[PDB]
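Let me begin by presenting the structure, written as structure tokens, before commenting on it.
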Amino acid sequence: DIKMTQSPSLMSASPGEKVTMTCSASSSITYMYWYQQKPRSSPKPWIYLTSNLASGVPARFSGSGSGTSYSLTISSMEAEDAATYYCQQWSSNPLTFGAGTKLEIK
Amino acid sequence: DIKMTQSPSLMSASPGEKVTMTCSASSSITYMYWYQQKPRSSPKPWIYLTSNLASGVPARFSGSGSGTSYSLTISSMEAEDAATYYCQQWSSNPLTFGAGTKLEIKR
Amino acid sequence: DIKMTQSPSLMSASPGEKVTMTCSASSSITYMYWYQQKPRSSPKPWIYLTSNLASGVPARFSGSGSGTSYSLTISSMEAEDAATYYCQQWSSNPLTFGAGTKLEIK
Amino acid sequence: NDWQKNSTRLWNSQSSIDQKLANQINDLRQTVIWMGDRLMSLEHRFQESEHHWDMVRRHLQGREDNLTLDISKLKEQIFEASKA
Amino acid sequence: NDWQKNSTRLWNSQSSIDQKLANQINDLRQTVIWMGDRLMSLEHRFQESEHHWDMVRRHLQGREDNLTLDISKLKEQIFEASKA
Amino acid sequence: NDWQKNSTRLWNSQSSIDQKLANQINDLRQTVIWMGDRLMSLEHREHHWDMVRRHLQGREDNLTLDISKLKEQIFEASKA
Amino acid sequence: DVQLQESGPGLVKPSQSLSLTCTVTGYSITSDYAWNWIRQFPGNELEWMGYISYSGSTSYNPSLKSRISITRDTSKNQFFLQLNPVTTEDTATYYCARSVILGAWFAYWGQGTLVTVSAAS
Amino acid sequence: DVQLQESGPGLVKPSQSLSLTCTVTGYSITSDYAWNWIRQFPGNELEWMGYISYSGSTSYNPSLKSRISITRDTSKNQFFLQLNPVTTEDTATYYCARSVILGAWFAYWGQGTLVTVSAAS
Amino acid sequence: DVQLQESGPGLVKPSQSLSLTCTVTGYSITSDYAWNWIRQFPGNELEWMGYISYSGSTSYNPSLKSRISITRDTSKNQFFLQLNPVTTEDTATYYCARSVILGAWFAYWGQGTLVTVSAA
């Protein structure tokens with residue numbers, strides 16, 4: 001299977017800054033997806049095909065990447081953005097999820 | 001072309017027994033079919049995709065196998081089941097039939 | 001970036017003769033097309049899939065070839081056929097046109 | 001004595017290509033199966049041939065050539081080939 | 001030396017995937033060609049632009065990239081090399 | 001010394017097959033995308049086709065650079 | 001209820017053309033499906049000859065490409081088989097078949113007609 | 001408009017069958033889309049288990065394909081998960097998901113039920 | 001039938017943007033087919049530049065992607081060509097074309113406008 005690695009596992013950032021998230025694949029993948037999970041809730045779909053934000057996601061979020069290196073970035077961190085972010089790839093059976101990079105508010 | 005060896009060529013059995021037929025391919029194939037031919041008649045569609053049974057085929061019949069070896073089996077043979085059985089594969093042009101296993105009946 | 005070469009760069013002919021021209025490719029292609037261009041005019045779709053004549057094309061023209069060797073032949077050469085002919089291939093992005101077989105008359 | 005490094009690099013690069021080609025074909029056939037079902041559903045809404053669609057549908061899902069499970073064998077064969 | 005054996009097994013294995021890949025695409029096109037015909041038939045059943053499906057259909061059936069004898073040519077080359 | 005000629009000749013033929021296969025899937029992919037739109041148009045006379053359409057043309061498996069990259073790897077291997 | 005009904009001359013001389021018809025009842029050979037020709041040698045081994053699809057595109061056995069030719073008559077719902085050069089090795093029982101396009105599943109067959117090749121009378 | 005809600009037991013002894021349900025409202029699980037089962041371990045790691053298509057075609061994770069099976073009830077509009085042998089490693093939070101048929105885009109999720117595998121009561 | 005009537009400026013100074021317009025009559029450019037841009041150099045050499053699909057998808061020549069861009073206007077049934085950097089090698093005769101989606105069959109063509117790059 002494909003091992004999806006996220007760096008760093010835990011990051012903190014005071015509000016208003018710019019943050020970046022990286023999710024590197026062990027080998028080549030076909031599709032890329034991003035989720036968030038606030039505590040005691042189901043993951044919410046945000047980003048599909050590494051660039052398209054799902055409905056309800058504000059424009060401050062954007063995704064990028066190619067090959068075996070994909071990135072999620074926030075132009076300006078806000079209050080409600082502190083949650084664990086999960087990256088998911090789909091190449092063949094089965095699909096693998098990321099380890100989960102947790103964001104923090106300072 | 002692919003050579004679909006069929007064994008045994010000529011068997012025999014008594015009613016109510018268990019019978020198996022093997023049809024081994026020379027190389028990898030894509031689809032597997034089985035046909036029944038009684039004397040002086042056209043072959044009838046019997047088994048397609050090596051698991052499904054054609055319309056009006058007794059439930060005793062069953063097909064299995066994967067890779068290059070396939071099997072056709074009747075749970076309890078009745079007298080009406082004595083006929084030559086042909087295995088056909090379809091991977092590329094042209095399709096190839098089997099030599100044919102001619103089941104019989106013991107008195 | 002397949003290089004398409006047409007051997008008869010400038011091929012004078014006469015009415016009523018057998019006229020042939022060849023378009024060779026560096027490597028294998030998928031589709032072959034032929035176009036006719038007259039002076040001060042846009043190219044005209046002439047042959048598609050190296051055997052089918054376009055609508056309005058006279059029956060005197062024949063297309064043939066396989067692999068990396070294609071030919072356009074004229075059975076009954078008429079002076080009105082004196083125009084440059086181009087061969088086009090489509091294998092992958094981008095498509096490449098031929099050099100051009102200009103066919104005069106005498 | 002670099003022949004093994006050249007061969008392993010070429011075979012590793014080649015074996016990756018087979019896997020990528022396999023994935024696109026599987027992705028396409030899944031779309032085609034969904035494509036046909038939506039066509040058949042619309043055809044039935046308009047009002048036979050649905051038996052034909054069922055048979056070709058089972059053929060698409062009932063392939064046996066097993067394009068995977070042998071690419072894995074190919075990746076295996078290279079592995080003990082390198083240690084030589 | 002054994003290098004002939006390792007090369008022979010790897011090339012014999014690799015040729016198998018190439019044949020399997022080609023067959024899957026050919027089965028796909030026949031479904032696509034057939035499926036468009038049903039889609040085109042349904043449109044005329046609904047009642048003017050019977051074009052760009054024929055020309056696409058001609059393009060589907062008129063490919064000239066072989067993939068029948070080039071694989072066969074490759075298999076012959078491997079067997080010739082195995083005699084070294 | 002004949003192994004070098006055989007290895008390069010064999011790898012050149014394999015690369016040709018890889019390009020032909022990749023081209024042939026792409027042509028089918030375009031037809032499937034086009035075919036879905038025609039059926040989608042007939043439906044109106046919604047949704048889940050846009051997501052499939054984006055997925056079809058939104059692959060990140062390349063297959064155009066690796067086959068290219070494979071061609072060089074043979075080339076310096078021929079230099080030996 | 002598709003019912004294939006084939007017919008043809010029961011005796012042909014060597015190096016002569018063989019023409020077989022196959023009338024189809026209850027279905028149109030242009031609507032859908034493929035239509036095949038299959039023969040059975042006296043040793044009871046089948047061989048597939050070729051088919052013509054509903055749209056008219058045909059495929060032939062690679063070992064008989066220079067010989068076999070299949071043609072259809074849409075108006076009267078028949079498809080024909082032509083084999084211009086023959087030899088005593090073509091003594092077989094020829095069959096019709098309607099099969100699915102994707103695979104080779106001959107779900108219907110003709111009654112079966114015998115063609116023998118010899119110049120003896 | 002589409003709501004997924006799972007219900008099931010909360011405590012399951014080792015080596016016992018696990019059963020779950022997913023009641024879908026506002027949509028029919030036979031009309032379109034796939035329907036997945038996803039679990040999250042206490043280490044907040046996510047693992048995909050399997051799905052059943054809108055036509056009944058199912059695929060399973062190869063790491064646990066042996067002991068998993070997914071079925072459905074069309075009339076009641078529910079699809080069920082069964083994991084016949086279980087161990088303490090199956091303590092997780094199980095989720096429903098409806099994804100696009102081509103790729104893996106879980107656009108909808110269930111509330112999320114928690115299953116703990118142990119023997120002490 | 002389908003008539004393509006392209007237009008654009010005649011002479012372009014080096015190192016400025018070139019704009020071209022193609023007007024389609026009798027057929028909407030969103031219904032189907034691709035819409036290509038082809039140029040012919042003074043040596044009578046044909047080169048394909050790119051196209052915009054009926055759905056907005058665009059494909060560009062690999063030698064021109066860093067400098068070419070194609071847009072369109074649905075309301076007026078026009079699709080445009082754009083080229084930010086130019087040089088004396090861009091002197092050619094540009095053409096419009098409507099091609100079948102699967103292949104490269106340019107079944108229709110425009111009148112043919114000439115663009116020269118110089119500093120007269």
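Ordered as shown in the structure tokens, chains take letters A, B, and onward, while each chain numbers its residues from 1 and ligands are numbered from 1 in the order shown.
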Could you fit chain G onto chain H by least squares over every C-alpha atom, paired in order, and give me the moved chain as a CSV table (one decimal) with N, CA and C atoms, in the first residue's frame?
chain,number,residue,atom,x,y,z
G,1,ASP,N,-31.4,15.9,0.2
G,1,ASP,CA,-30.5,16.1,1.4
G,1,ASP,C,-30.2,14.8,2.0
G,2,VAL,N,-29.2,14.1,1.5
G,2,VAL,CA,-28.8,12.8,2.1
G,2,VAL,C,-28.2,13.0,3.5
G,3,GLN,N,-28.7,12.1,4.4
G,3,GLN,CA,-28.3,12.2,5.8
G,3,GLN,C,-28.1,10.8,6.3
G,4,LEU,N,-26.9,10.3,6.4
G,4,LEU,CA,-26.6,9.0,6.9
G,4,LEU,C,-26.7,8.9,8.4
G,5,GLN,N,-27.3,7.9,8.9
G,5,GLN,CA,-27.5,7.7,10.4
G,5,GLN,C,-27.2,6.3,10.7
G,6,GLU,N,-26.1,6.1,11.3
G,6,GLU,CA,-25.6,4.7,11.6
G,6,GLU,C,-25.8,4.4,13.1
G,7,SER,N,-26.0,3.1,13.4
G,7,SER,CA,-26.2,2.7,14.8
G,7,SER,C,-25.7,1.2,14.9
G,8,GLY,N,-25.4,0.8,16.1
G,8,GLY,CA,-25.0,-0.5,16.4
G,8,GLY,C,-24.7,-0.7,17.9
G,9,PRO,N,-24.4,-1.9,18.3
G,9,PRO,CA,-24.0,-2.2,19.7
G,9,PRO,C,-22.7,-1.5,20.0
G,10,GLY,N,-22.7,-0.9,21.2
G,10,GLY,CA,-21.5,-0.1,21.6
G,10,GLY,C,-20.5,-1.0,22.4
G,11,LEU,N,-20.7,-2.3,22.6
G,11,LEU,CA,-19.8,-3.1,23.3
G,11,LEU,C,-19.9,-4.5,22.7
G,12,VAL,N,-18.8,-5.1,22.2
G,12,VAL,CA,-18.8,-6.4,21.7
G,12,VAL,C,-17.6,-7.2,22.4
G,13,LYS,N,-17.8,-8.4,22.7
G,13,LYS,CA,-16.8,-9.3,23.3
G,13,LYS,C,-15.9,-9.8,22.2
G,14,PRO,N,-14.6,-10.1,22.6
G,14,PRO,CA,-13.7,-10.6,21.6
G,14,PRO,C,-14.1,-11.9,20.9
G,15,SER,N,-13.8,-12.0,19.6
G,15,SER,CA,-14.2,-13.1,18.8
G,15,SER,C,-15.7,-13.3,18.7
G,16,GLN,N,-16.3,-12.1,18.3
G,16,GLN,CA,-17.8,-12.1,18.2
G,16,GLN,C,-18.1,-11.2,17.0
G,17,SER,N,-19.3,-11.5,16.4
G,17,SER,CA,-19.7,-10.8,15.2
G,17,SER,C,-20.2,-9.3,15.5
G,18,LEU,N,-19.8,-8.4,14.6
G,18,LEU,CA,-20.2,-7.0,14.7
G,18,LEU,C,-21.1,-6.7,13.6
G,19,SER,N,-22.3,-6.1,13.9
G,19,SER,CA,-23.3,-5.7,12.9
G,19,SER,C,-23.7,-4.3,13.1
G,20,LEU,N,-23.5,-3.5,12.1
G,20,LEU,CA,-23.8,-2.1,12.1
G,20,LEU,C,-24.8,-1.8,10.9
G,21,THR,N,-25.8,-1.0,11.2
G,21,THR,CA,-26.7,-0.5,10.2
G,21,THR,C,-26.4,1.0,9.9
G,22,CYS,N,-26.9,1.4,8.7
G,22,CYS,CA,-26.7,2.8,8.3
G,22,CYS,C,-27.9,3.3,7.5
G,23,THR,N,-28.9,3.9,8.3
G,23,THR,CA,-30.1,4.4,7.6
G,23,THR,C,-29.8,5.6,6.8
G,24,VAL,N,-30.3,5.7,5.6
G,24,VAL,CA,-30.1,6.8,4.7
G,24,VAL,C,-31.5,7.5,4.5
G,25,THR,N,-31.5,8.8,4.6
G,25,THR,CA,-32.7,9.6,4.5
G,25,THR,C,-32.5,10.6,3.4
G,26,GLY,N,-33.6,10.7,2.6
G,26,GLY,CA,-33.6,11.7,1.5
G,26,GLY,C,-33.0,11.2,0.2
G,27,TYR,N,-32.5,10.0,0.2
G,27,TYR,CA,-31.9,9.4,-1.1
G,27,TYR,C,-32.1,7.9,-1.0
G,28,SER,N,-32.0,7.3,-2.2
G,28,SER,CA,-32.1,5.9,-2.4
G,28,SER,C,-30.7,5.3,-2.7
G,29,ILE,N,-30.3,4.3,-1.9
G,29,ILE,CA,-29.0,3.7,-2.0
G,29,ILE,C,-28.9,2.8,-3.3
G,30,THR,N,-29.9,2.7,-4.0
G,30,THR,CA,-29.9,2.0,-5.3
G,30,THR,C,-29.8,2.9,-6.5
G,31,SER,N,-30.1,4.2,-6.3
G,31,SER,CA,-30.2,5.1,-7.4
G,31,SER,C,-28.8,5.4,-8.0
G,32,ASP,N,-27.8,5.7,-7.1
G,32,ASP,CA,-26.5,6.1,-7.6
G,32,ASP,C,-25.6,6.1,-6.4
G,33,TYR,N,-24.3,6.4,-6.7
G,33,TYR,CA,-23.2,6.6,-5.7
G,33,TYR,C,-22.8,5.3,-5.1
G,34,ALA,N,-21.7,5.3,-4.4
G,34,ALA,CA,-21.2,4.2,-3.6
G,34,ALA,C,-21.4,4.6,-2.1
G,35,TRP,N,-21.4,3.6,-1.3
G,35,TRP,CA,-21.6,3.7,0.2
G,35,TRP,C,-20.6,3.0,0.9
G,36,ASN,N,-19.8,3.7,1.7
G,36,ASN,CA,-18.5,3.2,2.3
G,36,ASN,C,-18.6,3.1,3.8
G,37,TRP,N,-17.7,2.4,4.4
G,37,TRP,CA,-17.5,2.2,5.8
G,37,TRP,C,-16.1,2.6,6.2
G,38,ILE,N,-15.9,3.5,7.1
G,38,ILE,CA,-14.6,4.0,7.5
G,38,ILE,C,-14.6,4.0,9.1
G,39,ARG,N,-13.4,3.8,9.6
G,39,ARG,CA,-13.2,3.7,11.1
G,39,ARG,C,-12.0,4.6,11.4
G,40,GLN,N,-12.0,5.0,12.7
G,40,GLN,CA,-10.9,5.9,13.2
G,40,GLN,C,-10.4,5.3,14.5
G,41,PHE,N,-9.1,4.9,14.5
G,41,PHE,CA,-8.5,4.3,15.7
G,41,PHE,C,-8.3,5.3,16.8
G,42,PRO,N,-8.1,4.9,18.0
G,42,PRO,CA,-8.0,5.9,19.1
G,42,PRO,C,-6.8,6.9,18.9
G,43,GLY,N,-5.8,6.5,18.1
G,43,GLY,CA,-4.8,7.4,17.8
G,43,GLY,C,-5.1,8.4,16.7
G,44,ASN,N,-6.4,8.4,16.3
G,44,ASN,CA,-6.9,9.4,15.3
G,44,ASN,C,-6.3,9.2,13.9
G,45,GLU,N,-6.1,8.0,13.5
G,45,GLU,CA,-5.8,7.6,12.1
G,45,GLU,C,-7.0,6.9,11.5
G,46,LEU,N,-7.4,7.3,10.3
G,46,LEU,CA,-8.5,6.7,9.6
G,46,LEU,C,-8.1,5.5,8.8
G,47,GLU,N,-9.0,4.6,8.6
G,47,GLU,CA,-8.8,3.4,7.8
G,47,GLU,C,-10.1,3.2,7.0
G,48,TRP,N,-10.0,2.9,5.7
G,48,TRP,CA,-11.1,2.6,4.9
G,48,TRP,C,-11.4,1.1,4.9
G,49,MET,N,-12.6,0.7,5.1
G,49,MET,CA,-13.0,-0.7,5.2
G,49,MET,C,-13.5,-1.3,3.9
G,50,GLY,N,-14.5,-0.7,3.3
G,50,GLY,CA,-15.0,-1.2,2.1
G,50,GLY,C,-16.2,-0.4,1.7
G,51,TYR,N,-16.8,-0.7,0.5
G,51,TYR,CA,-18.1,-0.1,0.1
G,51,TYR,C,-18.9,-1.1,-0.7
G,52,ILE,N,-20.2,-0.7,-0.8
G,52,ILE,CA,-21.1,-1.4,-1.7
G,52,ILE,C,-21.7,-0.4,-2.6
G,53,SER,N,-21.6,-0.7,-3.9
G,53,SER,CA,-22.1,0.3,-4.9
G,53,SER,C,-23.6,0.3,-4.9
G,54,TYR,N,-24.2,1.2,-5.8
G,54,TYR,CA,-25.6,1.2,-5.9
G,54,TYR,C,-26.2,0.0,-6.5
G,55,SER,N,-25.5,-0.7,-7.4
G,55,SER,CA,-26.0,-1.9,-8.0
G,55,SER,C,-25.8,-3.2,-7.2
G,56,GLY,N,-25.0,-3.1,-6.1
G,56,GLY,CA,-24.8,-4.2,-5.3
G,56,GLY,C,-23.4,-4.8,-5.3
G,57,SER,N,-22.6,-4.5,-6.3
G,57,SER,CA,-21.2,-4.9,-6.3
G,57,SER,C,-20.4,-4.3,-5.2
G,58,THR,N,-19.6,-5.1,-4.5
G,58,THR,CA,-18.9,-4.6,-3.3
G,58,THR,C,-17.4,-4.8,-3.5
G,59,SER,N,-16.6,-3.9,-2.8
G,59,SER,CA,-15.2,-4.0,-2.8
G,59,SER,C,-14.8,-3.8,-1.3
G,60,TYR,N,-13.7,-4.5,-0.9
G,60,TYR,CA,-13.2,-4.6,0.4
G,60,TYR,C,-11.8,-4.3,0.5
G,61,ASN,N,-11.3,-3.9,1.7
G,61,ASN,CA,-9.9,-3.6,1.9
G,61,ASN,C,-9.1,-4.9,1.8
G,62,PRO,N,-8.0,-4.9,1.1
G,62,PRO,CA,-7.3,-6.2,1.0
G,62,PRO,C,-6.8,-6.8,2.3
G,63,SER,N,-6.6,-6.0,3.3
G,63,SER,CA,-6.2,-6.5,4.6
G,63,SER,C,-7.3,-7.1,5.4
G,64,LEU,N,-8.5,-7.0,5.0
G,64,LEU,CA,-9.7,-7.5,5.7
G,64,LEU,C,-10.6,-8.3,4.9
G,65,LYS,N,-10.2,-8.8,3.7
G,65,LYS,CA,-11.0,-9.5,2.8
G,65,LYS,C,-11.6,-10.8,3.5
G,66,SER,N,-10.9,-11.5,4.3
G,66,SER,CA,-11.3,-12.7,4.9
G,66,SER,C,-12.3,-12.4,6.1
G,67,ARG,N,-12.5,-11.2,6.4
G,67,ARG,CA,-13.3,-10.8,7.6
G,67,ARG,C,-14.5,-10.0,7.2
G,68,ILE,N,-14.4,-8.9,6.5
G,68,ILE,CA,-15.5,-7.9,6.3
G,68,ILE,C,-16.5,-8.5,5.3
G,69,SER,N,-17.8,-8.1,5.5
G,69,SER,CA,-18.9,-8.5,4.6
G,69,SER,C,-19.9,-7.4,4.7
G,70,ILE,N,-20.3,-6.8,3.6
G,70,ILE,CA,-21.2,-5.7,3.5
G,70,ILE,C,-22.5,-6.1,2.8
G,71,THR,N,-23.6,-5.8,3.3
G,71,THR,CA,-24.9,-6.2,2.8
G,71,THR,C,-25.9,-5.1,2.9
G,72,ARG,N,-26.9,-5.0,2.1
G,72,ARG,CA,-27.8,-3.9,2.0
G,72,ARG,C,-29.2,-4.5,2.0
G,73,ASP,N,-30.2,-3.6,2.5
G,73,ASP,CA,-31.6,-3.9,2.5
G,73,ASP,C,-32.3,-2.8,1.7
G,74,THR,N,-32.6,-3.1,0.4
G,74,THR,CA,-33.1,-2.1,-0.5
G,74,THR,C,-34.4,-1.5,-0.1
G,75,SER,N,-35.3,-2.3,0.4
G,75,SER,CA,-36.7,-1.9,0.7
G,75,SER,C,-36.7,-0.7,1.7
G,76,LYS,N,-35.9,-0.9,2.8
G,76,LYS,CA,-35.9,0.1,3.8
G,76,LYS,C,-34.7,1.1,3.8
G,77,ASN,N,-33.9,1.0,2.7
G,77,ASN,CA,-32.9,1.9,2.4
G,77,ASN,C,-31.8,1.9,3.5
G,78,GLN,N,-31.2,0.7,3.7
G,78,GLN,CA,-30.1,0.6,4.7
G,78,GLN,C,-29.1,-0.3,4.1
G,79,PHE,N,-27.8,-0.1,4.5
G,79,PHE,CA,-26.7,-1.0,4.1
G,79,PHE,C,-26.0,-1.4,5.4
G,80,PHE,N,-25.6,-2.6,5.5
G,80,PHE,CA,-25.1,-3.2,6.8
G,80,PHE,C,-23.6,-3.6,6.7
G,81,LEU,N,-22.9,-3.6,7.8
G,81,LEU,CA,-21.5,-4.0,7.9
G,81,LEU,C,-21.4,-5.2,8.8
G,82,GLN,N,-20.7,-6.2,8.4
G,82,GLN,CA,-20.5,-7.4,9.2
G,82,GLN,C,-19.1,-7.7,9.3
G,83,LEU,N,-18.6,-8.0,10.6
G,83,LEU,CA,-17.2,-8.4,10.8
G,83,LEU,C,-17.3,-9.5,11.9
G,84,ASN,N,-17.2,-10.7,11.4
G,84,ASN,CA,-17.4,-11.9,12.3
G,84,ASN,C,-16.3,-12.1,13.3
G,85,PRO,N,-15.0,-12.2,12.9
G,85,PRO,CA,-14.0,-12.2,13.9
G,85,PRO,C,-13.5,-10.8,14.3
G,86,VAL,N,-13.3,-10.6,15.6
G,86,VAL,CA,-12.9,-9.3,16.1
G,86,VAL,C,-11.8,-9.5,17.1
G,87,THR,N,-11.1,-8.5,17.6
G,87,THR,CA,-10.1,-8.5,18.6
G,87,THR,C,-10.0,-7.1,19.1
G,88,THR,N,-9.4,-6.9,20.3
G,88,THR,CA,-9.3,-5.6,21.0
G,88,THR,C,-8.7,-4.5,20.1
G,89,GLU,N,-8.1,-4.9,18.9
G,89,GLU,CA,-7.6,-3.9,18.0
G,89,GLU,C,-8.6,-3.2,17.2
G,90,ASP,N,-9.9,-3.7,17.2
G,90,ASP,CA,-11.0,-3.1,16.5
G,90,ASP,C,-11.7,-2.0,17.2
G,91,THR,N,-11.2,-1.6,18.4
G,91,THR,CA,-11.7,-0.4,19.1
G,91,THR,C,-11.5,0.8,18.3
G,92,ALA,N,-12.6,1.4,17.7
G,92,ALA,CA,-12.5,2.5,16.8
G,92,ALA,C,-13.8,3.2,16.7
G,93,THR,N,-13.9,4.3,16.0
G,93,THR,CA,-15.1,5.0,15.7
G,93,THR,C,-15.4,4.8,14.2
G,94,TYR,N,-16.5,4.1,14.0
G,94,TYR,CA,-16.9,3.8,12.6
G,94,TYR,C,-17.8,4.8,12.0
G,95,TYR,N,-17.6,5.0,10.7
G,95,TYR,CA,-18.4,6.1,10.0
G,95,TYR,C,-19.0,5.5,8.7
G,96,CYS,N,-20.1,6.2,8.3
G,96,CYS,CA,-20.6,6.0,7.0
G,96,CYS,C,-20.1,7.1,6.0
G,97,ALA,N,-20.3,6.8,4.7
G,97,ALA,CA,-19.9,7.8,3.7
G,97,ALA,C,-20.5,7.5,2.4
G,98,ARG,N,-20.9,8.5,1.7
G,98,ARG,CA,-21.4,8.4,0.3
G,98,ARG,C,-20.3,9.1,-0.6
G,99,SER,N,-19.8,8.3,-1.6
G,99,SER,CA,-18.7,8.8,-2.4
G,99,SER,C,-19.1,8.6,-3.9
G,100,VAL,N,-18.4,9.4,-4.7
G,100,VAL,CA,-18.5,9.2,-6.2
G,100,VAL,C,-17.9,7.9,-6.6
G,101,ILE,N,-18.4,7.3,-7.7
G,101,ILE,CA,-17.9,6.0,-8.1
G,101,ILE,C,-16.5,6.1,-8.6
G,102,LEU,N,-16.2,7.2,-9.4
G,102,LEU,CA,-14.9,7.2,-10.1
G,102,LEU,C,-13.7,7.3,-9.1
G,103,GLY,N,-13.8,8.3,-8.2
G,103,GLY,CA,-12.8,8.5,-7.2
G,103,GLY,C,-13.2,8.1,-5.9
G,104,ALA,N,-12.6,8.7,-4.9
G,104,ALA,CA,-12.9,8.4,-3.5
G,104,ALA,C,-13.1,9.8,-2.8
G,105,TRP,N,-14.3,10.4,-2.9
G,105,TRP,CA,-14.6,11.7,-2.4
G,105,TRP,C,-15.8,11.6,-1.5
G,106,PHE,N,-15.5,11.3,-0.2
G,106,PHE,CA,-16.6,11.1,0.8
G,106,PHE,C,-17.2,12.5,1.1
G,107,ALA,N,-18.2,12.9,0.2
G,107,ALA,CA,-18.8,14.2,0.4
G,107,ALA,C,-19.8,14.2,1.5
G,108,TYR,N,-20.2,13.1,2.1
G,108,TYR,CA,-21.1,13.0,3.2
G,108,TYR,C,-20.6,12.0,4.2
G,109,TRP,N,-21.0,12.2,5.5
G,109,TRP,CA,-20.5,11.3,6.5
G,109,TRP,C,-21.6,11.1,7.5
G,110,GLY,N,-21.5,10.0,8.3
G,110,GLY,CA,-22.4,9.8,9.4
G,110,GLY,C,-22.0,10.5,10.6
G,111,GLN,N,-22.9,10.4,11.7
G,111,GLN,CA,-22.6,11.2,12.9
G,111,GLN,C,-21.4,10.6,13.6
G,112,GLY,N,-21.1,9.3,13.4
G,112,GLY,CA,-20.0,8.6,14.1
G,112,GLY,C,-20.4,7.9,15.3
G,113,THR,N,-20.2,6.6,15.3
G,113,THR,CA,-20.5,5.7,16.5
G,113,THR,C,-19.2,5.0,16.9
G,114,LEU,N,-19.1,4.8,18.2
G,114,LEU,CA,-17.9,4.2,18.8
G,114,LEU,C,-18.2,2.7,19.2
G,115,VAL,N,-17.3,1.9,18.8
G,115,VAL,CA,-17.4,0.4,19.1
G,115,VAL,C,-16.1,0.1,19.8
G,116,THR,N,-16.3,-0.4,21.0
G,116,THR,CA,-15.2,-0.9,21.9
G,116,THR,C,-15.2,-2.4,22.0
G,117,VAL,N,-14.0,-3.0,22.0
G,117,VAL,CA,-13.9,-4.4,22.0
G,117,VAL,C,-13.1,-4.8,23.3
G,118,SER,N,-13.8,-5.5,24.2
G,118,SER,CA,-13.3,-6.0,25.4
G,118,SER,C,-14.3,-6.9,26.1
G,119,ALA,N,-13.8,-7.9,26.8
G,119,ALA,CA,-14.7,-8.8,27.5
G,119,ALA,C,-15.0,-8.4,29.0
G,120,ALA,N,-14.5,-7.3,29.4
G,120,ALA,CA,-14.7,-6.8,30.8
G,120,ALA,C,-16.1,-6.2,30.9
G,121,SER,N,-16.8,-6.5,32.0
G,121,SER,CA,-18.1,-5.9,32.2
G,121,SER,C,-18.2,-5.2,33.6
### Query
So which bits of chain G end up strand (DSSP E or B) when you DSSP the backbone, as a ChimeraX atom specification?
/G:3-7,11-12,18-25,34-40,46-52,58-60,68-73,78-83,92-99,106-109,113-117
### Message
Considering only C-alpha atoms, can you say which of A:14, A:91, A:5, A:22 comes closest to chain F?
### Response
A:91
#### Entry: Ordered Cα pairing of chain D with chain E, RMSD after least-squares superposition
0.7 Å
### Message
Please list as a PyMOL selection string every residue within 10 Å of stretch 36-46 of chain I, counting only C-alpha atoms and excluding residues in the same chain fewer than 4 positions away.
### Response
(chain C and resi 37+42-43+84+86+88+96-100) or (chain I and resi 20+22+50-53+58-60+70+79-81+89-99+104+106+109-110+112-115)
### Query
Can you tell me how far atom CA of residue I:71 sits from atom CA of residue I:29, in Å to one decimal?
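Straight-line distance from atom CA of residue I:71 to atom CA of residue I:29 works out to 11.9 Å.
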Residues of chain E within 10 Å of chain B: nearest atom pair and distance (Å, one decimal) for each, counting only C-alpha atoms, sorted by chain and number, as JSON lines?
{"residue": "E:16", "atom": "CA", "partner": "B:28", "partner_atom": "CA", "distance": 8.6}
{"residue": "E:19", "atom": "CA", "partner": "B:92", "partner_atom": "CA", "distance": 9.2}
{"residue": "E:20", "atom": "CA", "partner": "B:28", "partner_atom": "CA", "distance": 8.6}
{"residue": "E:22", "atom": "CA", "partner": "B:92", "partner_atom": "CA", "distance": 9.5}
{"residue": "E:23", "atom": "CA", "partner": "B:92", "partner_atom": "CA", "distance": 6.7}
{"residue": "E:24", "atom": "CA", "partner": "B:30", "partner_atom": "CA", "distance": 9.1}
{"residue": "E:26", "atom": "CA", "partner": "B:92", "partner_atom": "CA", "distance": 9.1}
{"residue": "E:27", "atom": "CA", "partner": "B:92", "partner_atom": "CA", "distance": 9.5}
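For residue I:15, the residues within 10 Å (counting only C-alpha atoms, excluding itself and residues fewer than 5 positions away along the chain) are residues 83, 84, 85, 86, 87, 88 and 117 of chain I.
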### Task
Kindly provide, as an MDAnalysis selection string, the residues of chain D having any atom no farther than 12 Å from an atom of chain H, counting only C-alpha atoms.
chainID D and resid 23:24 26:35 37:38 41 54 57:58 61:62
### Task
When you get a sec, could you note down which chain F residues fall within 10 Å of chain H, using only C-alpha atoms, as a PyMOL selection string?
chain F and resi 48-49+51-53+55-56
